[PDB]
Amino acid sequence: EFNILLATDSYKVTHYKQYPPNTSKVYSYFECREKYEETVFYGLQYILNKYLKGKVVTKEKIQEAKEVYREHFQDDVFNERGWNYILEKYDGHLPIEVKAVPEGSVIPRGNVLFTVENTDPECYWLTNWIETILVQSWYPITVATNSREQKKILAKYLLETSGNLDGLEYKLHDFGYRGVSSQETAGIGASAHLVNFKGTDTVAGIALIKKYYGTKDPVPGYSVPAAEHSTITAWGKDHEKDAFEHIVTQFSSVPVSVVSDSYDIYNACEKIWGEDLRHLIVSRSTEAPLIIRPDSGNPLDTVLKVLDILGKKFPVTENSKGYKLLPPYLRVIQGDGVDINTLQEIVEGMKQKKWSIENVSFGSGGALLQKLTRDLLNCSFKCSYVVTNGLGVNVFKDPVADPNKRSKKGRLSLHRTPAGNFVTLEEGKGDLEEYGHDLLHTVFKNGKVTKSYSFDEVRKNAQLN
Amino acid sequence: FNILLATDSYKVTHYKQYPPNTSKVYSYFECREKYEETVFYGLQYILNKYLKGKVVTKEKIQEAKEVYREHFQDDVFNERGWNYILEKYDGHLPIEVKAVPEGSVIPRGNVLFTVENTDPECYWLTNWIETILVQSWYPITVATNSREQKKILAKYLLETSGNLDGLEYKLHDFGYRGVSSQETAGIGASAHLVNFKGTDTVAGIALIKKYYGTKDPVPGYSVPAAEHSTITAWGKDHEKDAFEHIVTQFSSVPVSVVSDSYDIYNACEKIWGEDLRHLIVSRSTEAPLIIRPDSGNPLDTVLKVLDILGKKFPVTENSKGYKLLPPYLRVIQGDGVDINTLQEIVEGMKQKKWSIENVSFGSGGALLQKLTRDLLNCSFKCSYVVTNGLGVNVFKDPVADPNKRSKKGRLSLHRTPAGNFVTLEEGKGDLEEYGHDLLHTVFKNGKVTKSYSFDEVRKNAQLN
Ligand SMILES: NC(=O)c1ccc[n+]([C@@H]2O[C@H](COP(=O)(O)O)[C@@H](O)[C@H]2O)c1
Ligand SMILES: NC(=O)c1ccc[n+]([C@@H]2O[C@H](COP(=O)(O)O)[C@@H](O)[C@H]2O)c1
């Protein structure tokens, strides 16, 4: 089982002896320090429920921690007393209060997103002990944010080239399951992407959403049948056509994606799909199109040549915006080399060549769920206020060599400005009541989740515009 | 955990795409052709935690059936196939996995492990588990990147001190908060511990002892250390009090004290260097003060810090001619360190004549998070199938990218006469023109057939 006493950075075990004597309170906060100008706050609710709520302290876990740390530090520095107190006083429930903005909220950089403080003067050391666990929320936040920023690009070009945003939620598919660092990461990352889109091949995200957020529909994400290199190459190089025919025939009534670059993407599109099996394609339903899938070469150049080829072998129409459109039974999915940067290049390149963004959907894996760091949005957790000797003290850091690492001072609160923007008031100035109500809500207190959100609410909060 | 729900969605639809009359699907994993050799580590963890024993149950099958029915809006799930495995093998997977020993250091472009079904009815199972097995790229990459950094550290420590004492402690893992999840933290931390012994991510410890085991009393260690909150809590005008309180609380053990809260240079020169100097020069070699800068240009900061300390404390020159701080005073750079800057820092220290003995490093996100599967081009591909009872050598070869070509047929790994490695394709390993295949069966029909202790892994991964 998971032991919260063992889920922190090793040195935090020695911190209770480092605070000023008679410190009864430690107050800390998380922010995405000051392009990603606005961030999607999502993921905390998962961590609270899975790791922090309920009886997380037991006699066993304490003993286990005692032994582990004794060897790790080659000494007994573990705060056994402190934990026994929580076990005995609160029945293993954590005496801390957490306030946060609603899950899914879109908040500009440099603002307080959530705060942590102890509710018992005895557990002044508990606030920062759980920094490590709570800080990992940077990941679902960063994934959701990066995913949302790509949706903006897609939304912009789709609107421009088609006149509407139909199907936008299916324009960027999650292909990152094998590309992430672990199973737990796959679930968290995939759920973050689902906040903005509906297409995913990382099934793990579904279960996480159901269990920790919940949705009205029986499922938050969908997928379609699709081939991979093994199912095509297995037929032997001279039988790629046989493979294609067999696959589109097995999935004749549902959308089907078929990777076509095993040997020569251009020959596959022009001769096999465009000639040898054209009759099996033009006969398909608009609800069950063939989705050709290139998977190599320069992303933009490949997509353009593919479209040029298909346009020469299939009927092409021009929509009301003046952009070329493949027939309804035929589409393309670019699932290689796609990241927020190249995505922009591809749709822009398509527009210049007069191809509607309607013709192509995208897939992204590692770049979507793995090539992300806590530094992209500068997620940071810092102590800004303590009470020692019964007196409040506003604390902060301000490294001389880096003004960007400066932190906020005192008790904080988030407010809406008259012009509809946001501001984080420091030093308790929020009490002045000049900016309406603080936007953070208590979501956790003394072992209980006091406020939560359904995934439908999160999605609503994260919408664009 | 349900293995029937631990694969890329589309693989659920593959059993109907393979050529009819296919009785076998054989696939392999490689770190396709800096980073010329990789450390094979991690597969054993995945086999034990996710693939061994009864992994199929009536419940798990029904659960997947319903999930996929809604996910696909159609019942494409292969309930019959999974049910077959449940009744025939009591939920044990009919697959065989062969691999090089855990910890092996292998050149790029070589087969590292292979997978194949052992029951003709389960030809589709081989690639069903590709997703879960492919995630081994992570520990492989962490271990590899960490080992390359140890090489750099080794080169400069030896060059500037004459030996390699304490090498396994020169790079500390600070990545707990910087990774994407709890599970990732444990996996990555254990990968790092293959090369070093210092870590702040305790989860790595539990993973090691449970999945590999060690006859070791100290697989991973750590020392008392302050953070910004414990220093800044005292108030800006009391940083000195915080420092004095901390060093006295940990008077007899090594202690790391972050010193850049306000002005790292003032702390080194005035506080540690003057006001509290009496509390430092009195410490023992086994309980040094470890000053930790945490901001600014990593190389420039370290050099200015050493220059400052050199002026306030007695400096010696070792037998190699490099300057050395007193035994009770050291430095740890735990910000902005990665494989590239690490190299710039030690080279910069060497030019200014400072022994690498003076400084140790810490790395978080760059160590366990800023890494991807394409760093070593980790890939899983099918190279052989049996259809209509005839073997067929399989492979891909995209016209737009020769780097994506895969190997053909049955593979085997052998040592060459000159002591190198070669991957023999198309079953040629059978000719016996080389020695024994270096891959070993580590998994077969639900059972882990060969295991390695973390001590063997460390041995296999050693340097030089
Ligand atoms: N349904 C699908 O076509 C599907 C699902 C998961 C991964 N993939 C492929 O796997 C690879 C993963 O690599 P990346 O992490 O770079 O995306 C890509 O080539 C991707 O297209 C495809
Ligand atoms: N014992 C320690 O000093 C210790 C442990 C864990 C993290 N840290 C700090 O946490 C931060 C982690 O951030 P990065 O992911 O960018 O490495 C660093 O500033 C690092 O120094 C320090």
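These residue numbers are counts, starting from 1, taken along the chain as shown.
How was it done? The header gives X-ray crystallography, 2.1 Å.
Yeah, the Cβs are placed from backbone N, Cα and C, and that goes for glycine too.
Annotated in Swiss-Prot:
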- B:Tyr169: phosphotyrosine (MOD_RES)
- B:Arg177, B:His228, B:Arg292: diphosphate binding site (BINDING)
- B:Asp200, B:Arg292, B:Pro293, B:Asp294, B:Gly334, B:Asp335, B:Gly365, B:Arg373: beta-nicotinamide D-ribonucleotide binding site (BINDING)
- B:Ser453: phosphoserine (MOD_RES)
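When Cβ neighbours within 10 Å are tallied across all protein chains shown, the highest count among the recorded positions B:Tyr169, B:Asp200, B:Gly334, B:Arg373, B:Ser453 belongs to B:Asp200. With the fewest other C-beta atoms within 10 Å around its C-beta, B:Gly365 stands out among the binding-site residues B:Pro293, B:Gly365. Near B:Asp335 (beta-nicotinamide D-ribonucleotide binding site), with the C-alpha within 10 Å of its C-alpha, lie none of the recorded positions B:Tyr169, B:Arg177, B:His228, B:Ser453. Geometry remark: B:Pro293 (beta-nicotinamide D-ribonucleotide binding site) versus B:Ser453 (phosphoserine), CA distance 37 Å. When the Cα of B:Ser453 (phosphoserine) is compared against those of the binding-site residues B:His228, B:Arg292, B:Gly334, B:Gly365, the shortest separation belongs to B:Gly365. Missing residues between B:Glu33 and B:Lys34: 11. Distance between their CA atoms: 11 Å.
Taking a Cβ distance under 6 Å to any atom of ligand 2 as the criterion, the recorded positions B:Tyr169, B:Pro293, B:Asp294, B:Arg373, B:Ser453 reduce to B:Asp294. Of all residue pairs in B:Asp200, B:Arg292, B:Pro293, B:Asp294, B:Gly334, B:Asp335, B:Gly365, B:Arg373, the annotated binders of beta-nicotinamide D-ribonucleotide, the farthest apart have Cα atoms separated by 32 Å. Proximity to chain A (Cβ-Cβ under 8 A) holds for none of the recorded positions B:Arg292, B:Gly334, B:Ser453. When every Cα pair among B:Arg177, B:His228, B:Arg292 is compared, the largest distance found for this diphosphate site is 18 Å. A Cα-Cα distance of 19 Å separates B:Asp294 (beta-nicotinamide D-ribonucleotide binding site) from the residue listed as 'phosphotyrosine'. For B:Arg292 (diphosphate binding site), the number of other Cβ atoms no farther than 10 Å from its own Cβ, over all displayed protein chains, is 23.
Looking only at the recorded positions B:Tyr169, B:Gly365, B:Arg373, the one with its C-alpha closest to B:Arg292 (diphosphate binding site) is B:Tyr169. DSSP assigns B:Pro293 (beta-nicotinamide D-ribonucleotide binding site) to coil in the three-state reduction, placing it in neither a helix nor a strand. Taking the Cα of B:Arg177 (diphosphate binding site) as the reference point, the closest of the binding-site residues B:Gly334, B:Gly365, B:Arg373 is B:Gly365. If you take the C-beta of B:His228 (diphosphate binding site) and look for same-chain residues 6 or more apart in sequence within under 8 angstroms, you find B:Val258, B:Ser261, B:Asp294.
B:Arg177 (diphosphate binding site) falls outside any helix or strand according to DSSP and counts as coil.
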